[PDB]
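Form deposited in one PDB entry, single chain, as structure tokens, below.
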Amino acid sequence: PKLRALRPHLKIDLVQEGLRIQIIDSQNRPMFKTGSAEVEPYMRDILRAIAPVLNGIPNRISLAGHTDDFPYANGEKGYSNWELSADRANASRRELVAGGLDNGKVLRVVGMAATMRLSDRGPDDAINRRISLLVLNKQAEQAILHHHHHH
């Protein structure tokens, strides 16, 4: 019934590095109030809903935030998309943990700002605001583990 409402927000697909779960915004429905890193009610439900499922998968997670709220012609000297994307990723992280997801599964939190946007400013830029959960392969995990021992 309400799976029609999840359909334009929950984007699941298989990626080389593993299982990517994207929670994207709509024109009429955002997962976060514009400029805010506070979880919207509907966003709260989705994260607590997939948390018990993800906890059943023996693999670890990487969280990445994407946001288009603040300008990037900004110069980004104060609170920008970098802080916002990182905060929204961590906000999603806290909800997942509250949903029953073991905290030990979290491996990385990433702020992407708007560097990975798909649309320009306009009636389509809702897709630029998304949270990406990446359930990693054992090989992809080993690569990232290795990379951040170099970082």
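In this text, rigid core is short for the largest set of C-alphas that superpose within 1.5 Å between two forms. All residue numbers refer to positions in the sequence shown, first residue = 1.
In all of the other compared structures of this protein with flanking residues present, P41 is modelled, so it falls below the one-third mark for missing coordinates. Compared against other deposited entries of this protein, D124 counts as often unmodelled, lacking coordinates in at least a third of those that resolve the residues around it. Of the two segments, 36 to 44 and 57 to 65, the one listed with the higher mean B-factor is 36 to 44 (C-alpha atoms only).
In this entry, 4 to 12 has the higher mean Cα B-factor, the comparison being between 4 to 12 and 140 to 148. Each of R93, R108, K105, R29 has a CA temperature factor in the record; the biggest one is found at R29. Sorting the modelled residues of the chain by their CA temperature factor places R88 in the lowest third. Among the modelled residues of its chain, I127 has a C-alpha B-factor that falls in the highest third, as given in the PDB entry. Sort the chain's modelled residues by C-alpha temperature factor and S80 lands in the middle third, per the entry.
Although not depicted, the form deposited in another entry is the subject of the following passage.
Large C-alpha shift between the shown form and the other one, rigid core held fixed: of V110, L118, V53, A98, this applies to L118 alone, with a displacement of 2 Å or more. Annotation for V135: C-alpha shift under 2 angstroms between the shown form and the other one, rigid core superposed.
The rigid-core alignment places the CA of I24 2 Å or more apart between the shown form and the other one. Legend note: Cα of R20 to Cα of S119 is at least 3 Å closer in that other deposited form than in the depicted form.
In that other deposited form, the CA atoms of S119 and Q16 draw together by 3 angstroms or more relative to this form.
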